Amino acid sequence: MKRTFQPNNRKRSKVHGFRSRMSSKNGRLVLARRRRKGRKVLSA
Amino acid sequence: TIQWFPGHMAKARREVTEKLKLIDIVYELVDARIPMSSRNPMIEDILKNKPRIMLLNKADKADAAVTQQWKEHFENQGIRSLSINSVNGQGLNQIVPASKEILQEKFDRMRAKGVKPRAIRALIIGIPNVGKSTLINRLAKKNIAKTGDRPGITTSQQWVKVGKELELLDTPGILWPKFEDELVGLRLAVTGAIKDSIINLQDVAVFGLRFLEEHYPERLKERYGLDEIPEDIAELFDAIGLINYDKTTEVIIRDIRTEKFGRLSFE
Amino acid sequence: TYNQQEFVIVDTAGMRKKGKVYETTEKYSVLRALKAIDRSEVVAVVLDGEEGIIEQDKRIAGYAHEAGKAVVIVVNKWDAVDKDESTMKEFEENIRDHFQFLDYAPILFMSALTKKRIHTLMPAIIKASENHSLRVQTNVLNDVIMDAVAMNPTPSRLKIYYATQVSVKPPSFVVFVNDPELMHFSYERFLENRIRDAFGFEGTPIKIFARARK
Amino acid sequence: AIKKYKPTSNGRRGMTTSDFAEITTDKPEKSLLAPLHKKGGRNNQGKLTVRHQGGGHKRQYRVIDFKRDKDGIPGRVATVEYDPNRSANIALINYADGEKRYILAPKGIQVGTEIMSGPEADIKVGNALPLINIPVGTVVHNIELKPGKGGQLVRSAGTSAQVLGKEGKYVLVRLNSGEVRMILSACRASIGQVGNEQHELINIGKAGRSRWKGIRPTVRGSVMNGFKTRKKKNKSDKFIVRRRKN
RNA sequence: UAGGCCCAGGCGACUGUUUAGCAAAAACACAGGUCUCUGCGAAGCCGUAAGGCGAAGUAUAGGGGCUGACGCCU
RNA sequence: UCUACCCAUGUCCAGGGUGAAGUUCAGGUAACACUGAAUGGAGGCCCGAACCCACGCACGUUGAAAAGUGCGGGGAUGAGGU
Ligand SMILES: Nc1nc2c(ncn2[C@@H]2O[C@H](COP(=O)(O)OP(=O)(O)NP(=O)(O)O)[C@@H](O)[C@H]2O)c(=O)[nH]1
């Protein structure tokens, strides 16, 4: 049976990428929160 | 011989007895081709102190003269009788007035007692494979009951409210637990009303052939593309063809119930 | 006096919605109008024929029904809308669809401006006068009860033991049962229809009370 | 006219098809073509607004000419072709000037006929004239509403209108649906009744043919567990003479 | 490695679609029939609005209901 | 990125059957519609592999597997699968 995760590099960058986050306001808020916590990796 | 008597037949008697009080009038369906043998003394013993009318359904398949004579015999016997065709309403219009005339005594007594007239409660009873449900469907114009071309279709009694005028009770067919006269059993098996997988079809075919030879020799002569009246049965059986040695018995009984022959009656 | 019979007639200045009646104590008259119903025993509800059935009309008819008084639904001003065949049934059927809670009330049509069929109002009134005050025999009433429950043996199981009448107006009836909790509003309404069909009981509400095994 | 298939299968019982007896070519003209993609009843937000739509064979738009306005320059009908977008057939015209166009095909057009549109054009099938010039009693189609636009009314398959009166600065016309209304007298219209008149007798005959045409199944609202809607102060009500009470 | 066959009754005209993971059916859809609204910035819908679908289509054409092949009764 | 529906572009379906329209000769005729003969290759047509489903039975149920396996079964040029 097909499991729910079928990896693909293009869609991952198009949806959870840095520029997609920076395009809208809520993505910028997400980036700000992740910077505040101090996570080593942010966006995707 | 013929013994068919399942448990739902036994339960039907008890249910009818337990719901006897509500009944106002009874319709007793009787086949026209065999008016005397189709009566059920077992259910008649339970049924007393109740007015009733004899109905002759499937009247298109029987000879008119013998049916009318039997109608006279029932009439002067001391009971009302009528001839009806269920599939196409022939005498269905003249039963509501008869019921009204019969029950008028209690109706006027109740009216003078100080209540509004109410609906007539009727119970339909008879042997299986007779128009016990087709008649109800025609009367109600609704096609509410289940009908089939084999005995034993319905299994439980049911109330049907035809307008504000009639309350009909239906009932599965009932047969007496043990037969006594083999000729009556043979006639019943010929007309249907039996599962046909419990009986011997060869004897039924023999009875049919001998009755035909005795009564309608011309109809036996025309038959189906053959003209002979020998002493045995194997002459007619092998008309149109290893061929079925005696399975053609079914053929003999197949057409007759569908009136491939002309109208006839056994009385 | 009408047909060698005396009568009393009262007007009530109309009734409007409770929410928008925030007047300067001029709505104090509505209390007077409500009082007349208590002293009256036949209620005539009037609807306009030019206008359709308004929601407030159903509410007003509720007060009369809850007071246990005979009701005769009346419509006026047919001179406005068309008088034709099957225009009789357009509002005759529509009223039944909307005014379900009262079905015993007879329906009368008359226009006061042109004085059409005005004299037919009283024939309705006198008939309704009797039914609001009527008693049925105790023997007969009981005999009808178990006929209804026999054809509908779906009341553990609720048991019916007795039935009789208490009041003349409106006709109250009490049935002795093993427990009145088993009584269902669907079944209670069922008993009323059979009683309303056994006899006339036209143009008057009916109330049924239930008593325990005692 | 109408062809009936023989019942060689359960799905062909009663299916009927057209005859295509008025088609002279099978290839369109590259010049008068344009792309046309399919929408599924969605809109600029992507949400569904119209149900029972979507799917079907691909199509290409043909640029019809509902405005005419090419006065003088007599044209000759070159071919009559089938169009998938509408319910009628179209006709290609090689104008003597040189430019080719597409028009709706009125009933009775033969190849080689000479057509002409303008105030001086005569009364015959295929011509286009202002409503002022055409006389009473004629049957016209491709009615215009306001001068300068193109053929708003009565241009489906086998539909026609009629001219009744010539009241000043207007014209009384009766439409296909028994409507009677006035139209500005400076508008244009084309003579004749639209062809392919037997289009309404075609039996689809199968569940998949409607799928080909682009219609999706419809579910009854019961298992989904006479009020006039025309505006009551709408403009152009002063122009409606006789209502569509049918 | 390759079709078991023959009779009699219901139900649904047929091919298809459904409760991923208990119910594949007589349930849904379907071709046909019928009622109702709509004269074009149409009627209906999505959006606070701008802006769109219907459609670049015009009553033999589009929305919304009810039934459900085709032969003999309504 | 699983599943529901839609949009734009690609791609897949071993073999074998039945024989519609149309066309030609032609009893028939004055010629038909109807005989037959030849040609023709239509179908939400038939049997059946790849592919897609999931009707019956058995096993497994701290399983090889948090929906599988084995033997039978349905569709298989289309309202198809991907
Ligand atoms: N020719 C003819 N056939 C009739 C007549 N009445 C009933 N039938 C046939 O009888 C069959 C239905 O009989 P039915 O009334 O259901 O018999 P039943 O007594 O109800 N059997 P059960 O009680 O077990 O349901 C059908 O085949 C119907 O055609 C009639 O008057 N004439």
# chains A, B, ... in the order shown; residues from 1 in each chain; ligands from 1

call {"tool": "closest_atom_pairs", "arguments": {"of": "chain B", "to": "ligand 1", "cutoff": "6 Å", "atoms": "only C-alpha atoms and all ligand atoms", "output": "tab-separated table"}}
result
residue	atom	partner	partner_atom_place_in_ligand_line	distance
B:57	CA	ligand 1	31 (O)	4.7
B:58	CA	ligand 1	31 (O)	3.3
B:85	CA	ligand 1	31 (O)	4.0
B:86	CA	ligand 1	31 (O)	3.8
B:87	CA	ligand 1	30 (C)	5.0
B:128	CA	ligand 1	19 (O)	4.0
B:129	CA	ligand 1	17 (O)	3.9
B:130	CA	ligand 1	19 (O)	4.2
B:131	CA	ligand 1	15 (O)	3.2
B:132	CA	ligand 1	15 (O)	3.9
B:133	CA	ligand 1	15 (O)	3.9
B:134	CA	ligand 1	15 (O)	4.6
B:147	CA	ligand 1	16 (O)	3.8
B:148	CA	ligand 1	12 (C)	4.9
B:149	CA	ligand 1	27 (O)	3.8
B:151	CA	ligand 1	24 (O)	5.0
B:152	CA	ligand 1	24 (O)	3.2
B:153	CA	ligand 1	25 (O)	3.7
B:154	CA	ligand 1	25 (O)	3.7
B:172	CA	ligand 1	23 (O)	3.8
B:173	CA	ligand 1	23 (O)	4.7

call {"tool": "write_last_selection", "arguments": {"atoms": "C-alpha atoms", "output": "short mmCIF file (atom, residue, chain, number, x, y, z; two decimals), in the first residue's frame"}}
result
data_model
loop_
_atom_site.label_atom_id
_atom_site.label_comp_id
_atom_site.auth_asym_id
_atom_site.auth_seq_id
_atom_site.Cartn_x
_atom_site.Cartn_y
_atom_site.Cartn_z
CA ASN B 57 -61.70 -16.00 -8.13
CA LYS B 58 -59.86 -16.99 -11.32
CA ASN B 85 -61.88 -11.99 -11.83
CA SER B 86 -59.02 -10.50 -9.81
CA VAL B 87 -56.57 -9.60 -12.58
CA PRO B 128 -52.76 -20.75 -0.94
CA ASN B 129 -52.17 -19.84 -4.58
CA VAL B 130 -55.51 -18.06 -4.95
CA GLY B 131 -55.98 -14.35 -5.44
CA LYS B 132 -55.75 -13.46 -1.75
CA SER B 133 -53.31 -10.60 -2.38
CA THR B 134 -54.00 -9.65 -6.01
CA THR B 147 -47.60 -11.64 -5.21
CA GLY B 148 -45.98 -14.54 -7.02
CA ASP B 149 -46.79 -17.45 -9.32
CA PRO B 151 -47.72 -20.99 -3.37
CA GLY B 152 -46.44 -19.65 -0.09
CA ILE B 153 -45.48 -16.06 -0.93
CA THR B 154 -46.74 -14.12 2.08
CA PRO B 172 -51.17 -16.78 4.36
CA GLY B 173 -53.00 -19.77 2.94
#

call {"tool": "interface_residues", "arguments": {"of": "chain E", "to": "chain B", "cutoff": "10 Å", "atoms": "only C-alpha atoms (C1' of nucleotides)", "output": "PyMOL selection string"}}
result
chain E and resi 8-10

call {"tool": "interface_residues", "arguments": {"of": "chain B", "to": "chain C", "cutoff": "10 Å", "atoms": "only C-alpha atoms", "output": "VMD selection string"}}
result
chain B and resid 19 21 to 22 110 113 to 118 159

call {"tool": "write_last_selection", "arguments": {"atoms": "N, CA, C and O atoms", "output": "CSV table (one decimal), in the first residue's frame"}}
result
chain,number,residue,atom,x,y,z
B,19,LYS,N,-57.1,-12.7,17.0
B,19,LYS,CA,-57.5,-11.5,16.5
B,19,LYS,C,-58.9,-11.6,15.9
B,19,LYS,O,-59.2,-10.9,14.9
B,21,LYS,N,-61.9,-10.9,17.4
B,21,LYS,CA,-62.9,-10.0,17.9
B,21,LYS,C,-63.0,-8.8,17.0
B,21,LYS,O,-64.2,-8.3,16.7
B,22,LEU,N,-61.9,-8.2,16.5
B,22,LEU,CA,-61.9,-7.0,15.7
B,22,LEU,C,-62.6,-7.2,14.4
B,22,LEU,O,-63.1,-6.2,13.8
B,110,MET,N,-75.6,0.8,16.0
B,110,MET,CA,-74.6,1.7,16.5
B,110,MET,C,-75.0,3.2,16.2
B,110,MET,O,-74.7,4.0,17.1
B,113,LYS,N,-77.3,4.2,18.6
B,113,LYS,CA,-76.6,4.2,19.9
B,113,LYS,C,-75.9,5.6,20.1
B,113,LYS,O,-75.7,5.9,21.3
B,114,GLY,N,-75.6,6.3,19.1
B,114,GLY,CA,-75.1,7.7,19.2
B,114,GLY,C,-73.7,7.9,18.8
B,114,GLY,O,-73.0,8.7,19.5
B,115,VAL,N,-73.2,7.1,17.8
B,115,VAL,CA,-71.8,7.3,17.3
B,115,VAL,C,-71.9,7.4,15.8
B,115,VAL,O,-72.8,7.0,15.1
B,116,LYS,N,-70.8,8.0,15.3
B,116,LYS,CA,-70.6,8.1,13.9
B,116,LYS,C,-70.3,6.8,13.2
B,116,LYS,O,-69.6,6.0,13.8
B,117,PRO,N,-70.8,6.5,12.0
B,117,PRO,CA,-70.4,5.3,11.3
B,117,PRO,C,-69.0,5.2,11.1
B,117,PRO,O,-68.3,6.3,10.8
B,118,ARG,N,-68.4,4.0,11.1
B,118,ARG,CA,-67.0,3.8,11.0
B,118,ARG,C,-66.7,2.9,9.8
B,118,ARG,O,-67.6,2.5,9.1
B,159,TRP,N,-52.4,-5.7,8.0
B,159,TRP,CA,-53.5,-4.8,7.9
B,159,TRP,C,-53.3,-3.8,6.8
B,159,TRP,O,-52.2,-3.3,6.6

call {"tool": "interface_residues", "arguments": {"of": "chain D", "to": "chain F", "cutoff": "8 Å", "atoms": "only C-alpha atoms (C1' of nucleotides)", "output": "PyMOL selection string"}}
result
chain D and resi 6+8-9+11+38-40+54+206-208+211

call {"tool": "select_by_dssp", "arguments": {"residues": "chain A", "states": "alpha helix (DSSP H)", "output": "list in words"}}
result
residues 9, 10, 11, 12, 13, 14, 15, 16, 18, 19, 20, 21, 22, 23, 25, 26, 27, 28, 29, 30, 31, 32, 33, 34, 35, 36 and 37 of chain A

call {"tool": "write_last_selection", "arguments": {"atoms": "N, CA, C and O atoms", "output": "CSV table (one decimal), in the first residue's frame"}}
result
chain,number,residue,atom,x,y,z
A,9,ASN,N,11.8,16.6,-4.2
A,9,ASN,CA,12.6,17.7,-3.8
A,9,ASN,C,12.0,19.0,-4.2
A,9,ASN,O,12.1,20.0,-3.5
A,10,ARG,N,11.4,19.0,-5.4
A,10,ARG,CA,10.9,20.3,-6.0
A,10,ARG,C,9.7,20.8,-5.1
A,10,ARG,O,9.7,22.0,-4.7
A,11,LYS,N,8.7,19.9,-4.9
A,11,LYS,CA,7.5,20.4,-4.1
A,11,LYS,C,7.9,20.8,-2.7
A,11,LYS,O,7.3,21.8,-2.2
A,12,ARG,N,8.8,20.1,-2.1
A,12,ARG,CA,9.3,20.5,-0.8
A,12,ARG,C,9.8,21.9,-0.7
A,12,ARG,O,9.4,22.7,0.1
A,13,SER,N,10.6,22.3,-1.7
A,13,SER,CA,11.2,23.7,-1.8
A,13,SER,C,10.1,24.7,-2.2
A,13,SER,O,10.1,25.8,-1.7
A,14,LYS,N,9.1,24.2,-3.0
A,14,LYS,CA,8.1,25.2,-3.4
A,14,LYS,C,7.1,25.5,-2.3
A,14,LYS,O,6.6,26.6,-2.3
A,15,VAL,N,6.9,24.6,-1.4
A,15,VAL,CA,5.9,24.8,-0.4
A,15,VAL,C,6.5,25.2,0.9
A,15,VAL,O,6.1,26.2,1.6
A,16,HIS,N,7.5,24.5,1.4
A,16,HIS,CA,8.2,24.8,2.7
A,16,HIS,C,9.5,25.5,2.6
A,16,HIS,O,10.3,25.6,3.5
A,18,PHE,N,12.4,28.7,1.7
A,18,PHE,CA,12.6,30.0,2.3
A,18,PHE,C,11.9,31.1,1.6
A,18,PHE,O,11.2,31.9,2.3
A,19,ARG,N,11.9,31.1,0.3
A,19,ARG,CA,11.3,32.2,-0.4
A,19,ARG,C,9.7,32.1,-0.3
A,19,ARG,O,9.1,33.2,-0.3
A,20,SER,N,9.2,30.9,-0.2
A,20,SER,CA,7.7,30.8,0.0
A,20,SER,C,7.4,31.3,1.4
A,20,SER,O,6.3,32.0,1.5
A,21,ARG,N,8.2,31.1,2.4
A,21,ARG,CA,7.9,31.7,3.7
A,21,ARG,C,8.0,33.2,3.6
A,21,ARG,O,7.2,33.9,4.2
A,22,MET,N,9.0,33.7,3.0
A,22,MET,CA,9.2,35.1,2.9
A,22,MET,C,8.2,35.9,2.0
A,22,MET,O,8.1,37.1,2.1
A,23,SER,N,7.5,35.1,1.2
A,23,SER,CA,6.5,35.8,0.3
A,23,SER,C,5.4,36.5,1.1
A,23,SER,O,5.0,37.6,0.7
A,25,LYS,N,3.1,37.4,4.9
A,25,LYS,CA,3.4,37.9,6.2
A,25,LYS,C,3.5,36.8,7.3
A,25,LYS,O,4.4,36.8,8.2
A,26,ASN,N,2.6,35.8,7.2
A,26,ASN,CA,2.6,34.7,8.2
A,26,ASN,C,3.9,33.9,8.2
A,26,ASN,O,4.4,33.5,9.2
A,27,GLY,N,4.4,33.7,6.9
A,27,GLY,CA,5.7,33.1,6.8
A,27,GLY,C,6.8,33.9,7.5
A,27,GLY,O,7.7,33.3,8.1
A,28,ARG,N,6.8,35.2,7.4
A,28,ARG,CA,7.8,36.0,8.1
A,28,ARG,C,7.6,35.9,9.6
A,28,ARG,O,8.6,35.9,10.3
A,29,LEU,N,6.4,35.8,10.1
A,29,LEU,CA,6.2,35.6,11.5
A,29,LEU,C,6.8,34.2,12.0
A,29,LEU,O,7.4,34.1,13.0
A,30,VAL,N,6.6,33.2,11.1
A,30,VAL,CA,7.1,31.9,11.4
A,30,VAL,C,8.7,32.0,11.5
A,30,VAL,O,9.3,31.4,12.4
A,31,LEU,N,9.3,32.7,10.5
A,31,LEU,CA,10.7,32.8,10.5
A,31,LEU,C,11.2,33.6,11.8
A,31,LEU,O,12.2,33.2,12.4
A,32,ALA,N,10.4,34.6,12.2
A,32,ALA,CA,10.8,35.3,13.4
A,32,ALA,C,10.7,34.5,14.6
A,32,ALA,O,11.6,34.5,15.5
A,33,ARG,N,9.7,33.7,14.7
A,33,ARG,CA,9.6,32.8,15.9
A,33,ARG,C,10.7,31.8,15.9
A,33,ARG,O,11.3,31.5,17.0
A,34,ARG,N,11.0,31.2,14.8
A,34,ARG,CA,12.1,30.2,14.8
A,34,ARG,C,13.5,30.8,15.1
A,34,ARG,O,14.3,30.2,15.7
A,35,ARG,N,13.7,32.1,14.6
A,35,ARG,CA,14.9,32.8,15.0
A,35,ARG,C,14.9,33.1,16.5
A,35,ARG,O,16.0,33.0,17.1
A,36,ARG,N,13.8,33.4,17.1
A,36,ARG,CA,13.7,33.7,18.5
A,36,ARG,C,14.1,32.5,19.4
A,36,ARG,O,14.8,32.6,20.3
A,37,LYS,N,13.5,31.3,19.0
A,37,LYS,CA,13.9,30.1,19.7
A,37,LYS,C,15.3,29.8,19.6
A,37,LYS,O,15.9,29.3,20.6

call {"tool": "atom_distance", "arguments": {"atom1": "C1' of residue 55 (chain F)", "atom2": "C1' of residue 25 (chain E)"}}
result
11.9 Å

call {"tool": "interface_residues", "arguments": {"of": "chain F", "to": "chain A", "cutoff": "12 Å", "atoms": "only C-alpha atoms (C1' of nucleotides)", "output": "VMD selection string"}}
result
chain F and resid 1 to 3 65 67 to 68

call {"tool": "residues_around", "arguments": {"residues": "residue 38 (chain E)", "least_positions_apart": "3", "cutoff": "12 Å", "atoms": "only C-alpha atoms (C1' of nucleotides)", "output": "ChimeraX atom specification"}}
result
/D:177,227-231,244 /E:42-44,58-59,61-64

call {"tool": "residues_around", "arguments": {"residues": "residue 240 (chain B)", "least_positions_apart": "5", "cutoff": "12 Å", "atoms": "only C-alpha atoms (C1' of nucleotides)", "output": "MDAnalysis selection string"}}
result
chainID B and resid 224:226 235 248 251

call {"tool": "residues_around", "arguments": {"residues": "residue 18 (chain E)", "least_positions_apart": "5", "cutoff": "12 Å", "atoms": "only C-alpha atoms (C1' of nucleotides)", "output": "MDAnalysis selection string"}}
result
chainID E and resid 23:25 27:29

call {"tool": "residues_around", "arguments": {"residues": "residue 49 (chain C)", "least_positions_apart": "4", "cutoff": "6 Å", "atoms": "only C-alpha atoms (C1' of nucleotides)", "output": "ChimeraX atom specification"}}
result
/C:76-78

call {"tool": "residues_around", "arguments": {"residues": "residue 14 (chain B)", "least_positions_apart": "4", "cutoff": "12 Å", "atoms": "only C-alpha atoms (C1' of nucleotides)", "output": "number ranges by chain"}}
result
B: 7-10, 18-20, 43, 46, 157, 171, 174

call {"tool": "write_last_selection", "arguments": {"atoms": "N, CA and C atoms", "output": "mmCIF file, in the first residue's frame"}}
result
data_model
loop_
_atom_site.group_PDB
_atom_site.id
_atom_site.type_symbol
_atom_site.label_atom_id
_atom_site.label_comp_id
_atom_site.auth_asym_id
_atom_site.auth_seq_id
_atom_site.Cartn_x
_atom_site.Cartn_y
_atom_site.Cartn_z
ATOM 1 N N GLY B 7 -44.951 -24.834 9.583
ATOM 2 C CA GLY B 7 -45.281 -24.239 10.867
ATOM 3 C C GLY B 7 -45.987 -22.902 10.789
ATOM 4 N N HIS B 8 -45.730 -22.124 9.736
ATOM 5 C CA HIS B 8 -46.428 -20.851 9.601
ATOM 6 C C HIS B 8 -47.924 -21.060 9.415
ATOM 7 N N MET B 9 -48.319 -22.156 8.766
ATOM 8 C CA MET B 9 -49.734 -22.502 8.693
ATOM 9 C C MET B 9 -50.309 -22.714 10.087
ATOM 10 N N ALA B 10 -49.560 -23.398 10.953
ATOM 11 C CA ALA B 10 -50.024 -23.613 12.318
ATOM 12 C C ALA B 10 -50.147 -22.298 13.075
ATOM 13 N N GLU B 18 -56.729 -15.329 17.822
ATOM 14 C CA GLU B 18 -56.404 -14.287 18.788
ATOM 15 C C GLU B 18 -56.845 -12.908 18.316
ATOM 16 N N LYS B 19 -57.077 -12.747 17.012
ATOM 17 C CA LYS B 19 -57.538 -11.461 16.499
ATOM 18 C C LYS B 19 -58.928 -11.570 15.885
ATOM 19 N N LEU B 20 -59.776 -12.436 16.441
ATOM 20 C CA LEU B 20 -61.094 -12.666 15.859
ATOM 21 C C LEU B 20 -62.076 -11.550 16.197
ATOM 22 N N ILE B 43 -60.585 -24.455 8.913
ATOM 23 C CA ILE B 43 -60.700 -23.039 9.239
ATOM 24 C C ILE B 43 -62.161 -22.642 9.393
ATOM 25 N N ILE B 46 -63.363 -23.031 13.127
ATOM 26 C CA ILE B 46 -62.997 -21.880 13.945
ATOM 27 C C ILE B 46 -63.920 -20.706 13.648
ATOM 28 N N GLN B 157 -49.638 -12.125 8.512
ATOM 29 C CA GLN B 157 -50.843 -11.342 8.286
ATOM 30 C C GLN B 157 -50.536 -9.852 8.388
ATOM 31 N N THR B 171 -53.845 -12.823 4.937
ATOM 32 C CA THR B 171 -53.459 -14.020 5.676
ATOM 33 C C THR B 171 -52.816 -15.044 4.747
ATOM 34 N N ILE B 174 -53.941 -21.569 4.227
ATOM 35 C CA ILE B 174 -53.998 -22.594 5.260
ATOM 36 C C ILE B 174 -54.564 -23.873 4.660
#

call {"tool": "atom_distance", "arguments": {"atom1": "CA of residue 197 (chain D)", "atom2": "CA of residue 31 (chain D)"}}
result
28.9 Å

call {"tool": "closest_residue", "arguments": {"among": "D:242, D:199, D:141, D:209", "to": "chain E", "atoms": "only C-alpha atoms (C1' of nucleotides)"}}
result
D:199

call {"tool": "select_by_dssp", "arguments": {"residues": "region 60-261 of chain B", "states": "strand (DSSP E or B)", "output": "PyMOL selection string"}}
result
chain B and resi 80-83+120-126+158-162+166-170

call {"tool": "write_last_selection", "arguments": {"atoms": "N, CA and C atoms", "output": "PDB file, in the first residue's frame"}}
result
ATOM      1  N   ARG B  80     -74.351 -16.371   0.636  1.00  0.00           N
ATOM      2  CA  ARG B  80     -74.155 -15.506  -0.517  1.00  0.00           C
ATOM      3  C   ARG B  80     -72.856 -15.858  -1.223  1.00  0.00           C
ATOM      4  N   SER B  81     -72.882 -15.819  -2.553  1.00  0.00           N
ATOM      5  CA  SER B  81     -71.720 -16.158  -3.360  1.00  0.00           C
ATOM      6  C   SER B  81     -71.622 -15.221  -4.553  1.00  0.00           C
ATOM      7  N   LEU B  82     -70.400 -15.063  -5.058  1.00  0.00           N
ATOM      8  CA  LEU B  82     -70.146 -14.174  -6.183  1.00  0.00           C
ATOM      9  C   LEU B  82     -69.007 -14.728  -7.026  1.00  0.00           C
ATOM     10  N   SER B  83     -68.976 -14.314  -8.291  1.00  0.00           N
ATOM     11  CA  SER B  83     -67.936 -14.701  -9.235  1.00  0.00           C
ATOM     12  C   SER B  83     -67.106 -13.478  -9.595  1.00  0.00           C
ATOM     13  N   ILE B 120     -65.488  -0.439   7.593  1.00  0.00           N
ATOM     14  CA  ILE B 120     -65.797  -1.862   7.639  1.00  0.00           C
ATOM     15  C   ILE B 120     -64.498  -2.648   7.740  1.00  0.00           C
ATOM     16  N   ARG B 121     -64.425  -3.554   8.710  1.00  0.00           N
ATOM     17  CA  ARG B 121     -63.250  -4.393   8.908  1.00  0.00           C
ATOM     18  C   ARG B 121     -63.510  -5.766   8.300  1.00  0.00           C
ATOM     19  N   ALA B 122     -62.710  -6.130   7.303  1.00  0.00           N
ATOM     20  CA  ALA B 122     -62.870  -7.381   6.581  1.00  0.00           C
ATOM     21  C   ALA B 122     -61.611  -8.225   6.712  1.00  0.00           C
ATOM     22  N   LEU B 123     -61.803  -9.539   6.761  1.00  0.00           N
ATOM     23  CA  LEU B 123     -60.702 -10.495   6.826  1.00  0.00           C
ATOM     24  C   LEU B 123     -60.796 -11.429   5.630  1.00  0.00           C
ATOM     25  N   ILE B 124     -59.711 -11.543   4.863  1.00  0.00           N
ATOM     26  CA  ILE B 124     -59.676 -12.409   3.689  1.00  0.00           C
ATOM     27  C   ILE B 124     -58.980 -13.709   4.065  1.00  0.00           C
ATOM     28  N   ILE B 125     -59.623 -14.842   3.771  1.00  0.00           N
ATOM     29  CA  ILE B 125     -59.089 -16.146   4.144  1.00  0.00           C
ATOM     30  C   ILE B 125     -59.332 -17.140   3.014  1.00  0.00           C
ATOM     31  N   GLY B 126     -58.391 -18.057   2.850  1.00  0.00           N
ATOM     32  CA  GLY B 126     -58.510 -19.082   1.832  1.00  0.00           C
ATOM     33  C   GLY B 126     -57.236 -19.890   1.710  1.00  0.00           C
ATOM     34  N   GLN B 158     -51.269  -9.055   7.612  1.00  0.00           N
ATOM     35  CA  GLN B 158     -51.010  -7.626   7.541  1.00  0.00           C
ATOM     36  C   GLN B 158     -52.315  -6.857   7.388  1.00  0.00           C
ATOM     37  N   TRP B 159     -52.351  -5.675   8.007  1.00  0.00           N
ATOM     38  CA  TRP B 159     -53.474  -4.752   7.922  1.00  0.00           C
ATOM     39  C   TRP B 159     -53.257  -3.795   6.757  1.00  0.00           C
ATOM     40  N   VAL B 160     -54.307  -3.566   5.973  1.00  0.00           N
ATOM     41  CA  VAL B 160     -54.273  -2.621   4.862  1.00  0.00           C
ATOM     42  C   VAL B 160     -55.471  -1.694   4.998  1.00  0.00           C
ATOM     43  N   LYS B 161     -55.212  -0.399   5.133  1.00  0.00           N
ATOM     44  CA  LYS B 161     -56.281   0.588   5.265  1.00  0.00           C
ATOM     45  C   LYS B 161     -56.607   1.133   3.881  1.00  0.00           C
ATOM     46  N   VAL B 162     -57.717   0.678   3.309  1.00  0.00           N
ATOM     47  CA  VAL B 162     -58.208   1.211   2.046  1.00  0.00           C
ATOM     48  C   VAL B 162     -59.081   2.415   2.365  1.00  0.00           C
ATOM     49  N   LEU B 166     -62.453   0.958   4.245  1.00  0.00           N
ATOM     50  CA  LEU B 166     -62.193  -0.447   4.529  1.00  0.00           C
ATOM     51  C   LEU B 166     -60.893  -0.642   5.296  1.00  0.00           C
ATOM     52  N   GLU B 167     -60.904  -1.643   6.173  1.00  0.00           N
ATOM     53  CA  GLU B 167     -59.711  -2.154   6.835  1.00  0.00           C
ATOM     54  C   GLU B 167     -59.618  -3.641   6.535  1.00  0.00           C
ATOM     55  N   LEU B 168     -58.706  -4.014   5.646  1.00  0.00           N
ATOM     56  CA  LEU B 168     -58.575  -5.389   5.195  1.00  0.00           C
ATOM     57  C   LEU B 168     -57.462  -6.086   5.960  1.00  0.00           C
ATOM     58  N   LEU B 169     -57.675  -7.361   6.262  1.00  0.00           N
ATOM     59  CA  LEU B 169     -56.663  -8.205   6.877  1.00  0.00           C
ATOM     60  C   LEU B 169     -56.315  -9.322   5.905  1.00  0.00           C
ATOM     61  N   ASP B 170     -55.029  -9.444   5.579  1.00  0.00           N
ATOM     62  CA  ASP B 170     -54.557 -10.520   4.721  1.00  0.00           C
ATOM     63  C   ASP B 170     -54.012 -11.664   5.570  1.00  0.00           C
TER      64      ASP B 170
END
